[PDB]
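J.: Quick one: this structure, given as structure tokens, is what I'll be asking you about.
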Amino acid sequence: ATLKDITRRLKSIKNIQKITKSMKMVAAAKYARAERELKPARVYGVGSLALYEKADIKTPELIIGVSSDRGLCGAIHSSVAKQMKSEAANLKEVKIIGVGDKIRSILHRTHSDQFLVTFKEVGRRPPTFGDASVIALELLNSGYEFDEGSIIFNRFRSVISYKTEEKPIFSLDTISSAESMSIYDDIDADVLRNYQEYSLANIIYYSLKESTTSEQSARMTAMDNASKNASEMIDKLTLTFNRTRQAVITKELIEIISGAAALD
Amino acid sequence: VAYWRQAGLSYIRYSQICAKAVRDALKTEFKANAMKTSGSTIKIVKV
Amino acid sequence: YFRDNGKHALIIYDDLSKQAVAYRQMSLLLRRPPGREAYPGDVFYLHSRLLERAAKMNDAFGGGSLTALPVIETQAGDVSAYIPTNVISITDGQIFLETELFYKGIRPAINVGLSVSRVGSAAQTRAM
Amino acid sequence: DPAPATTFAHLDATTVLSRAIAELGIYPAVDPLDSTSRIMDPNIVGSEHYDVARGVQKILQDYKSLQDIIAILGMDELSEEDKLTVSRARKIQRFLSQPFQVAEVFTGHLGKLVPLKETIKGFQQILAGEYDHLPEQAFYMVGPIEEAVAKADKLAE
Amino acid sequence: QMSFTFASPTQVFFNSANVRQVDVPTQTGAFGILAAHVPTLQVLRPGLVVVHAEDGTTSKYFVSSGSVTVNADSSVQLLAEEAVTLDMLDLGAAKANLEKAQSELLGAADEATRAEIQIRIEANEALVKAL
Amino acid sequence: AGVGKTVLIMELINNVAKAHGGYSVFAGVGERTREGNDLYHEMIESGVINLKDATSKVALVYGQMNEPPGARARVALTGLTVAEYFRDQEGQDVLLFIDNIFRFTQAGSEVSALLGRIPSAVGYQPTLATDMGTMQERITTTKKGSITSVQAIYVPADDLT
């Protein structure tokens with residue numbers, strides 16, 4: 001075409017290159033942190049599962065997405081989205097809680113009525129246990145409790161990876177009557193619950209913190225993707241550019257001279 | 001169910017207040033981190 | 001004349017861009033070659049010789065000076081156009097002004113990177 | 001370039017070889033949606049071909065739109081139908097690719113020929129998604145579409 | 001031996017460390033979980049944790065709440081909502097808080113509030129333990 | 001630019017041309033009077049030109065903008081001619097500063113047109129290479145010493161295409 005078109009191109013790509021990077025490093029910073037800060041959490045949340053581990057409780061009656069509030073700086077949400085609608089088939093009672101508004105976003109799939117609550121903007125200034133407790137607390141109250149389901153969140157895994165998790169979500173003190181419950185004795189539909197609770201909180205927090213971490217690596221990654229792309233793409237054009245540019249000149253010199261040399 | 005599970009009270013509800021009360025306790029130095037470590041950017045909707 | 005009269009003058013050449021055109025026009029009209037970008041080649045020389053006549057003189061010349069502000073008006077940032085490029089290779093820097101800022105109201109509207117005093121920093125007020 | 005520009009005037013069927021395609025190692029090398037014959041017809045080519053082709057042409061053209069998009073947008077958040085097509089297009093592409101029948105020296109394969117209906121059908125089939133829950137690999141350097149499926153199987157391993 | 005995992009969301013202090021005993025401010029009050037103490041699940045009270053670690057140490061702590069978990073397995077999990085070494089609490093604050101807290105109790109008037117103030121008061125007590 | 005590029009160069013001269021008994025020729029190609037001045041004092045100042053000592057180790061030859069093309073164009077051959085004198089005659093390993101040869105080149109092209117000749121696309125005299133070649137080939141290492149060429153080279157149009 002012309003260099004115009006090209007620059008018009010270039011312009012943006014370059015912009016992009018930067019933008020992507022802005023978005024990248026920032027993301028990475030958040031991410032870096034998010035991970036970092038994740039250590040006690042890691043333990044803690046890993047902790048959360050303590051006995052859910054050593055005996056899961058079954059609910060023949062608690063799906064709950066957990067994502068961030070934004071995405072498309074990755075298909076982060078799409079993973080949970082997947083995993084939650086997929087979930088929803090399986091389930092009982094499907095009333096869902098979306099922590100993440102990128103959860104709201106995906107969920108509308110009979111999941112505008114089947115939300116129970118939604119929690120929001122947990123990224124963009126991080127989530128916390130404070131939050132976690134919040135989401136935890138109110139969640140309970142609602143005649144929705146255990147209805148099985150999952151807590152579907154982005155479980156961070158490594159810088160380069162996370163795998164979006166889904167859980168069994170059980171809180172019926174009753175089947176946590178059954179089994180092992182006895183065995184590691186000291187139990188009551190109190191303490192049960194007041195762990196069930198607490199581990200709901202622990203997880204809720206945890207998961208959430210994973211989620212966000214996963215995203216932060218994912219935006220960063222998305223921004224990765226892009227910039228790598230960007231850079232080549234630029235690379236390519238710029239030549240072609242140049243060429244045509246030169247092409248001009250040359251041609252043009254032609255057109256001019258020897259196009260309007262003695263011959264015109 | 002007594003006063004932190006009141007008649008009701010989440011163990012959370014309680015708990016968080018406990019912990020919060022701990023946060024309230026302690027020194028300030030630490031409390032900078034406190035709320036920071038117990039945000040609740042959890043804005044809420046039902047949908 | 002001032003320079004040799006130990007006197008310091010500023011000539012603002014407004015615009016030599018227009019000269020180049022005229023001259024090219026002239027060259028070509030003379031049915032005689034021009035040069036590069038169809039513009040006469042030694043128009044650079046032309047100007048070089050013109051502009052070398054702007055200088056900062058020693059004492060023998062009364063210390064006078066002839067300060068030159070040549071102006072070239074870019075068309076769509078096309079300094080690449082050989083002739084602007086020319087001018088650059090002579091100049092002691094070039095002062096890039098950017099419209100975007102201007103339109104932004106940002107006035108000075110300068111493109112900073114491109115605004116240059118090549119080493120014009122050997123005549124700067126300590127205050128500054 | 002003027003020359004080709006002229007050329008077109010006289011042409012009846014244009015076989016446009018695409019360096020872009022070629023470079024992907026592809027032999028055939030064609031720019032497909034440039035390689036044409038004016039006598040594109042629901043009549044002459046009959047509508048079956050014609051339409052199938054038009055559908056194809058379309059999808060490829062559409063896909064073409066997408067290249068640009070994915071190029072710059074990575075991929076991954078598109079309509080999944082697009083995702084499908086993209087792959088399909090590649091199958092189609094691949095299917096359009098044929099090994100060389102004389103240039104086993106180049107290919108290390110024999111190349112084939114596809115009786116036209118098996119071809120129309122072919123695309124209809126891919127279009128039919130009949131293959132499209134499969135790996136994309138097999139279609140490459142193929143002759144008749146069934147065999148591409150056959151080739152799929154061996155690859156489905 | 002008992003593997004003591006001591007953490008708060010904030011920190012992990014011990015992670016299944018071969019501690020011989022941890023004596024816990026569970027809502028039991030305590031039960032001072034011995035390496036030979038039946039696995040048991042507990043919700044944590046606000047009180048102090050003492051980590052008799054098989055090392056000639058008992059380490060001091062206050063935890064607010066949470067749950068402690070005594071697995072069948074050698075591992076004990078203090079999952080402390082707020083977990084502190086007594087080291088970081090503020091005595092000064094406690095007293096001051098405590099008067100105030102009680103005061104508020106005097107003005108508490110929902111079962112819950114009362115609970116809460118009292119909780120708070122208590123909190124200051126459970127802190128006061130140390131403090 | 002102006003970073004003490006020249007200075008570095010002076011330093012090089014210093015390090016080498018002193019060290020090994022190399023000498024220097026400076027061809028101020030497309031130099032501003034100003035820049036040649038700059039150098040001038042830089043050398044004066046540095047005392048790598050010494051207008052009272054033969055520790056003026058540099059002959060400065062100037063082929064500046066302000067000249068007619070031919071001169072600037074030819075300043076290249078000229079500068080060479082001196083160094084060859086030093087090289088063969090004075091056995092030298094010469095350091096030859098030709099700075100900025102690019103403008104020389106420009107001059108070649110400038111004239112090309114005005115030699116009625118077609119220069120080429122991008123303006124360039126079509127002989128660009130031969131001009132160069134022939135020039136370069138004078139510059140070398142031989143059984144006579146070396147003419148070692150320190151060439152200021154502009155990234156033309158910041159392009160190279």
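Residues are named by chain letter and number: chains run A, B, ... in the order of the structure tokens, numbers start at 1 in each chain, and ligands are numbered from 1 in the order shown.
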Contacts of residue 24 of chain C at 7 Å or less, counting only C-alpha atoms, minus same-chain residues fewer than 3 places along, as a PyMOL selection string?
T.: chain C and resi 20-21+27-28+34+39-40
J.: Give me the residues within 6 Å of segment 3-19 of chain E as a list in words, counting only C-alpha atoms and dropping any in the same chain fewer than 3 places off.
T.: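 Surrounding residues, per the criterion: residues 40, 41 and 44 of chain A; 52, 53, 54, 74, 75, 76, 77, 78, 79, 80, 81, 82 and 83 of chain E.
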J.: Could you turn the residues from that selection into a file that holds N, CA, C and O atoms, as an mmCIF file, in the first residue's frame?
T.:
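The result, written out as part-v9.cif:
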data_model
loop_
_atom_site.group_PDB
_atom_site.id
_atom_site.type_symbol
_atom_site.label_atom_id
_atom_site.label_comp_id
_atom_site.auth_asym_id
_atom_site.auth_seq_id
_atom_site.Cartn_x
_atom_site.Cartn_y
_atom_site.Cartn_z
ATOM 1 N N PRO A 40 2.332 -17.967 52.988
ATOM 2 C CA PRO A 40 1.679 -18.362 54.216
ATOM 3 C C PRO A 40 0.341 -18.865 53.882
ATOM 4 O O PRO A 40 -0.025 -19.911 54.374
ATOM 5 N N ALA A 41 -0.334 -18.176 52.958
ATOM 6 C CA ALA A 41 -1.570 -18.557 52.375
ATOM 7 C C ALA A 41 -1.522 -19.962 51.884
ATOM 8 O O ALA A 41 -2.477 -20.695 52.037
ATOM 9 N N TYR A 44 -1.632 -22.183 54.427
ATOM 10 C CA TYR A 44 -2.809 -21.932 55.191
ATOM 11 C C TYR A 44 -3.975 -22.588 54.567
ATOM 12 O O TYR A 44 -4.689 -23.340 55.193
ATOM 13 N N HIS E 52 5.596 -26.390 72.982
ATOM 14 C CA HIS E 52 6.500 -27.276 73.569
ATOM 15 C C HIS E 52 7.065 -28.021 72.476
ATOM 16 O O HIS E 52 6.508 -29.012 72.076
ATOM 17 N N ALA E 53 8.183 -27.590 71.930
ATOM 18 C CA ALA E 53 8.689 -28.241 70.790
ATOM 19 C C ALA E 53 9.761 -29.028 71.358
ATOM 20 O O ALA E 53 10.398 -28.433 72.212
ATOM 21 N N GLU E 54 9.921 -30.320 70.928
ATOM 22 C CA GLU E 54 10.845 -31.399 71.329
ATOM 23 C C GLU E 54 12.287 -30.995 71.317
ATOM 24 O O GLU E 54 13.083 -31.567 70.581
ATOM 25 N N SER E 74 0.336 -37.527 62.593
ATOM 26 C CA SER E 74 1.168 -36.883 63.571
ATOM 27 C C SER E 74 1.063 -35.387 63.571
ATOM 28 O O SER E 74 1.780 -34.716 64.291
ATOM 29 N N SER E 75 0.259 -34.829 62.668
ATOM 30 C CA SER E 75 0.214 -33.455 62.399
ATOM 31 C C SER E 75 -0.913 -32.758 63.026
ATOM 32 O O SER E 75 -2.050 -33.209 63.087
ATOM 33 N N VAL E 76 -0.554 -31.590 63.553
ATOM 34 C CA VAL E 76 -1.394 -30.736 64.280
ATOM 35 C C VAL E 76 -1.194 -29.478 63.551
ATOM 36 O O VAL E 76 -0.227 -29.302 62.830
ATOM 37 N N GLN E 77 -2.301 -28.784 63.465
ATOM 38 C CA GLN E 77 -2.502 -27.763 62.552
ATOM 39 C C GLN E 77 -3.101 -26.846 63.433
ATOM 40 O O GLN E 77 -4.211 -27.052 63.857
ATOM 41 N N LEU E 78 -2.446 -25.734 63.596
ATOM 42 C CA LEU E 78 -3.008 -24.612 64.186
ATOM 43 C C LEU E 78 -3.187 -23.845 62.972
ATOM 44 O O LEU E 78 -2.202 -23.513 62.323
ATOM 45 N N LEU E 79 -4.436 -23.435 62.755
ATOM 46 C CA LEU E 79 -4.783 -22.605 61.670
ATOM 47 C C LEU E 79 -5.461 -21.585 62.469
ATOM 48 O O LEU E 79 -6.499 -21.771 63.089
ATOM 49 N N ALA E 80 -4.712 -20.518 62.621
ATOM 50 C CA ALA E 80 -4.977 -19.488 63.523
ATOM 51 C C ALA E 80 -5.409 -18.435 62.665
ATOM 52 O O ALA E 80 -4.847 -18.189 61.615
ATOM 53 N N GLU E 81 -6.494 -17.805 63.073
ATOM 54 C CA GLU E 81 -7.082 -16.785 62.299
ATOM 55 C C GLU E 81 -6.130 -15.640 62.360
ATOM 56 O O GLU E 81 -5.449 -15.339 61.385
ATOM 57 N N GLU E 82 -5.949 -15.115 63.583
ATOM 58 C CA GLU E 82 -4.857 -14.257 63.886
ATOM 59 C C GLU E 82 -4.018 -15.124 64.713
ATOM 60 O O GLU E 82 -4.520 -15.794 65.600
ATOM 61 N N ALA E 83 -2.716 -15.107 64.440
ATOM 62 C CA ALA E 83 -1.769 -15.928 65.102
ATOM 63 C C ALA E 83 -0.729 -14.975 65.414
ATOM 64 O O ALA E 83 -0.180 -14.348 64.509
#
J.: When the cut-off is 10 Å and we count only C-alpha atoms, which residues of chain A are near chain E, given as an MDAnalysis selection string?
T.: chainID A and resid 37:45 47:48 50:51 54 128:129 180:188 190:199 201:202 205:206
J.: Hey, could you make a per-residue contact list for chain F against chain A with 12 Å as the cut-off, showing the nearest pair of atoms and its distance in Å to one decimal, counting only C-alpha atoms, sorted by chain and number, as JSON lines?
T.:
{"residue": "F:113", "atom": "CA", "partner": "A:257", "partner_atom": "CA", "distance": 10.1}
{"residue": "F:116", "atom": "CA", "partner": "A:261", "partner_atom": "CA", "distance": 10.2}
{"residue": "F:117", "atom": "CA", "partner": "A:261", "partner_atom": "CA", "distance": 10.7}
{"residue": "F:118", "atom": "CA", "partner": "A:257", "partner_atom": "CA", "distance": 8.6}
{"residue": "F:119", "atom": "CA", "partner": "A:253", "partner_atom": "CA", "distance": 9.9}
{"residue": "F:120", "atom": "CA", "partner": "A:250", "partner_atom": "CA", "distance": 7.6}
{"residue": "F:121", "atom": "CA", "partner": "A:250", "partner_atom": "CA", "distance": 4.2}
{"residue": "F:122", "atom": "CA", "partner": "A:250", "partner_atom": "CA", "distance": 5.5}
{"residue": "F:123", "atom": "CA", "partner": "A:253", "partner_atom": "CA", "distance": 7.5}
{"residue": "F:124", "atom": "CA", "partner": "A:250", "partner_atom": "CA", "distance": 9.8}
{"residue": "F:157", "atom": "CA", "partner": "A:242", "partner_atom": "CA", "distance": 11.3}
{"residue": "F:158", "atom": "CA", "partner": "A:242", "partner_atom": "CA", "distance": 11.3}
{"residue": "F:159", "atom": "CA", "partner": "A:242", "partner_atom": "CA", "distance": 8.6}
{"residue": "F:160", "atom": "CA", "partner": "A:242", "partner_atom": "CA", "distance": 9.9}
{"residue": "F:161", "atom": "CA", "partner": "A:242", "partner_atom": "CA", "distance": 7.5}
J.: Which residues are close to segment 123-139 of chain D, i.e. within 7 Å by only C-alpha atoms, leaving aside same-chain residues fewer than 5 positions away? Reply as a compact mmCIF listing (two decimals) with N, CA and C atoms, in the first residue's frame.
T.:
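Once written, selection_37.txt looks like this:
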# COMPACT_ATOMS: atom_id res chain seq x y z
N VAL D 52 -20.51 -25.36 -2.90
CA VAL D 52 -19.71 -26.00 -1.90
C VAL D 52 -18.52 -25.21 -1.81
N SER D 87 -8.96 -24.51 12.18
CA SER D 87 -8.44 -25.82 12.08
C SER D 87 -8.91 -26.51 10.88
N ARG D 88 -10.19 -26.35 10.54
CA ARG D 88 -10.82 -27.03 9.46
C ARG D 88 -10.23 -26.60 8.23
N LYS D 91 -7.32 -28.13 7.66
CA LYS D 91 -7.50 -29.46 7.16
C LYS D 91 -7.77 -29.41 5.74
N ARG D 94 -5.02 -28.66 3.94
CA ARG D 94 -4.08 -29.69 3.99
C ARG D 94 -4.50 -30.68 3.04
N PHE D 95 -5.81 -30.80 2.95
CA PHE D 95 -6.41 -31.72 2.11
C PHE D 95 -6.20 -31.36 0.70
N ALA D 148 -8.19 -39.41 3.48
CA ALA D 148 -7.66 -38.45 4.39
C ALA D 148 -8.12 -38.86 5.73
N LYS D 151 -6.09 -41.79 6.64
CA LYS D 151 -4.90 -41.18 7.02
C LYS D 151 -5.05 -40.60 8.35
N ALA D 152 -6.27 -40.20 8.70
CA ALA D 152 -6.61 -39.71 9.98
C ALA D 152 -6.40 -40.77 10.96
N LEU D 155 -3.11 -41.62 11.86
CA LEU D 155 -2.68 -40.57 12.71
C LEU D 155 -3.33 -40.53 14.04
J.: Dump as a PDB file with C-alpha atoms, in the first residue's frame the residues of chain A that approach chain B to within 6 Å, counting only C-alpha atoms.
T.:
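Heads up, here's the output in result-v8.pdb:
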ATOM      1  CA  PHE A 115     -26.671 -16.794  41.520  1.00  0.00           C
ATOM      2  CA  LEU A 116     -27.078 -16.546  45.145  1.00  0.00           C
ATOM      3  CA  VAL A 117     -24.692 -13.751  45.497  1.00  0.00           C
ATOM      4  CA  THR A 118     -21.742 -12.434  43.705  1.00  0.00           C
ATOM      5  CA  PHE A 119     -18.609 -10.822  44.984  1.00  0.00           C
ATOM      6  CA  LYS A 120     -16.889  -8.277  43.321  1.00  0.00           C
ATOM      7  CA  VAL A 122     -11.495  -8.558  44.560  1.00  0.00           C
ATOM      8  CA  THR A 128      -7.744 -10.774  51.726  1.00  0.00           C
ATOM      9  CA  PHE A 129      -8.809 -12.970  54.513  1.00  0.00           C
ATOM     10  CA  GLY A 130     -10.856  -9.962  55.569  1.00  0.00           C
ATOM     11  CA  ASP A 131     -12.650 -10.355  52.319  1.00  0.00           C
ATOM     12  CA  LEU A 137     -19.867 -15.330  56.472  1.00  0.00           C
ATOM     13  CA  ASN A 194     -16.638 -23.988  63.228  1.00  0.00           C
TER      14      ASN A 194
END
J.: Neighbouring residues of residue 213 of chain A were defined as those with any atom within 8 Å, considering only C-alpha atoms; residues of the same chain fewer than 4 positions away were excluded. Please report them as a list in words.
T.: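 My reading of the contact set: residues 31, 34, 35, 154, 156, 209 and 217 of chain A.
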J.: For residue 2 of chain F, which residue among C:113, C:77, C:92, C:126 is the nearest when counting only C-alpha atoms?
T.: C:92
J.: May I have the residues of chain F within 8 Å of chain C, counting only C-alpha atoms, written as a list in words?
T.: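 Result: residues 1, 2, 32, 33, 34, 65, 66, 67, 68, 69, 110, 111, 113, 114, 116, 123 and 157 of chain F.
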